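Here is the naming used below: chain letters follow the sequence lines, and residue numbers restart at 1 for every chain.
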2 protein chains.
Amino acid sequence: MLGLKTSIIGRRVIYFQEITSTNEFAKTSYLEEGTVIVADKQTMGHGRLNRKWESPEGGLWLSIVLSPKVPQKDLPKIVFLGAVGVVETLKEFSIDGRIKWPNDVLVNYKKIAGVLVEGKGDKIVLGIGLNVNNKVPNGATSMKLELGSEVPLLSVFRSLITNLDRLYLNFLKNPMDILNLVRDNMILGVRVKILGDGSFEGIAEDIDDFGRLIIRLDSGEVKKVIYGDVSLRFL
Amino acid sequence: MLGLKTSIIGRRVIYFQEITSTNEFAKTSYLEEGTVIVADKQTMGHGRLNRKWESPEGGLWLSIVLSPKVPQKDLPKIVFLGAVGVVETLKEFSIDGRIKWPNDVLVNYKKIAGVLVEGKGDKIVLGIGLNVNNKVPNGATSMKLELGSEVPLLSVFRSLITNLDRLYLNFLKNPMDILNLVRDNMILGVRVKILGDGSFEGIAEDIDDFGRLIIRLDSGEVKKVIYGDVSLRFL
Ligand SMILES: Nc1ncnc2c1ncn2[C@@H]1O[C@H](COP(=O)(O)OC(=O)CCCC[C@@H]2SC[C@@H]3NC(=O)N[C@@H]32)[C@@H](O)[C@H]1O
Ligand SMILES: Nc1ncnc2c1ncn2[C@@H]1O[C@H](COP(=O)(O)OC(=O)CCCC[C@@H]2SC[C@@H]3NC(=O)N[C@@H]32)[C@@H](O)[C@H]1O
Ligand SMILES: [Mg+2]
């Protein structure tokens, strides 16, 4: 009854009033590619590492099941599909979102969405959390806060699924295309701090052909950061 | 992201752009009580006694998994929950839906919806097919044809699910209650022909305390029809 016209992503959609985590459900259950897992709220929303993702009602919390027949080298770009897709849907709603490497979407520097990719077996789970009408943690923002009025969640859902379906289909044919869209939509030419041990600081110059953030330290040294137990903070 | 507020029916919803039959999928798959299976269109939709059910895009084709904790004697009343639920939704949209024993809902004697209940052990699948905006076979009707305008499919879904949840919750507590609702909404006091092992004609006067259709033949003889391998036709 949703009448989705997408080719792959959205062929099936499993909705929950409540759930622990759409990402967890997605990787522990057998699902055909393109299946979307979505819930009104998550009791155990997951961020990177052991971080929690606040998932109260009013937001868009979903996971998509993928099984891309592309070289292993390209898989790390899946997170960018989610991020660019969010940016595209925000634009449709007249909101300018900017990507903060490697998985965040910011609006005027406030986090409005986060992307979490997990790969179990030949299956890949693309998780996306977008604040729409829900209240958010201090420092974050939502579509409702940016526009001044509630946005129909289903309208956002349809827009995002349509955008992701297109990005994904192109990704399967032209896997390097997404990087271009990312460069044109991410925060660069600014100073950042790379936490963790070996912690350093420098200017985020660009992302390379593998999706690595290229940083120029004050000494002129160039480091290439791969995203994992990695965290980027502005300063 | 649908934001359903029902207690049981609709705790989860599995949507398909296309499927063979929601009733088949619901009977076959391991699903929790309250889970709703809905598809834009069915390729192998069916009615009773191996009959085909046209399921083109525009209609509401869904199945609900239930595990009614009531005496085995009350299970046959489940089909009425479906029919009454549809009638209420139709009335909310100002369409005069009336129940035709045993599983149909008509508008001016033209079928607009059919209910098919299929029986496992502790699991019951409540299937409902309601013509909304889809083309229908000659002699049938749709909400769109009745209203002279297209109706938002999602609004009909929300209405029906809300009604069914309330009706189901009450059924668990008072299994006899639905019979009153069936009586106030069923086509009665008219001449009907019952088809089973042979056939006979008479006035459909009412349903009894077991949901059996009471027929009064011209001889004054009273027969009690149990819905099974039988068919009812108006003269
Ligand atoms: N609702 C919210 N809005 C903005 N920021 C939030 C937020 N909830 C938590 N945060 C902050 O963002 C950080 C997490 O950032 P990270 O970069 O590590 O992680 C993320 O940004 C990924 C979030 C992925 C969420 C989706 S929801 C659908 C699916 N199911 C799941 O269980 N997860 C995925 C937290 O440590 C918080 O400080
Ligand atoms: N779309 C339609 N609208 C009105 N009448 C139809 C119709 N499609 C078929 N019919 C007629 O209705 C008869 C079927 O009547 P019955 O009383 O036996 O059976 C029914 O009326 C039950 C139909 C149940 C349909 C739902 S759709 C969701 C779920 N998944 C399924 O596969 N089935 C259920 C057929 O033999 C046709 O003559
Ligand atoms: Mg019938």
Please say whether the positively charged group of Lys77(A), taken as NZ for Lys or CZ for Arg, lies over the ring of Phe171(A), i.e. under 6.0 angstrom from the six-membered ring centre and within 45 degrees of the axis.
no
Any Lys/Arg nitrogen of [X] or [Y] sitting under 4.0 Å from an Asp/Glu carboxylate oxygen of the other?
| X | Y | result |
| --- | --- | --- |
| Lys27(B) | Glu24(B) | yes |
| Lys41(A) | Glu57(A) | no |
| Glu32(A) | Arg12(A) | yes |
| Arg158(A) | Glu92(A) | no |

Out of [options], which one racks up the most heavy-atom pairs below 4.5 Å with chain A?
| options | answer |
| --- | --- |
| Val38(B), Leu62(B), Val156(B) | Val38(B) |
| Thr6(B), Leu153(B), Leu4(B), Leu154(B) | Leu4(B) |
| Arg11(B), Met1(B), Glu18(B) | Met1(B) |

May I have the step-by-step check of side chain to side chain donor-acceptor pair (under 3.5 Å) for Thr20(B) and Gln42(B), ending in yes or no?
CA-CA 5 Å; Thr20(B) 177; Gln42(B) 302 182 121; over 6 Å; no
Which portion of [X] sits near chain A, non-hydrogen atoms under 4.5 angstrom:
| X | result |
| --- | --- |
| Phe157(B) | side chain |
| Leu60(B) | side chain |
| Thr35(B) | neither |

Segment of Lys5(A) engaging chain B (4.5 angstrom heavy-atom cut-off):
both
So which residue, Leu2(A), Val36(A), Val132(A), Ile19(A), ends up with the most heavy-atom pairs under 4.5 Å with chain B?
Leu2(A)
